[PDB]
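Presented below, as structure tokens, is a lone chain in the form deposited in one PDB entry.
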């Protein structure tokens, strides 16, 4: 999956790059402050496998399966 991967927790990442290996679900987390951007698994995209790996909790991780679907446009209802 090709998604944007930033070196820091910014709220406007625009660097498109292929996702590392062992990654089939793009992840777009938003802890009301920083829009995390990283390649995540579809099995680890639950309400415990992400808030634990990042060592956080209050956040809305949204996994996707489209070349670049973790952008900042899928968490504003």
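Positions refer to the first chain, counted from 1.
The following text describes the form solved in complex with a partner chain, which does not appear among the structures shown.
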Touches its partner chain in the bound PDB entry: residue 59 (any heavy atom, 4.5 Å): yes
is_contact(residue 31, its partner chain) in the bound PDB entry, heavy atom dist at most 4.5 Å: no
Within 4.5 Å, heavy atoms only: does residue 65 come near its partner chain in the bound PDB entry? yes
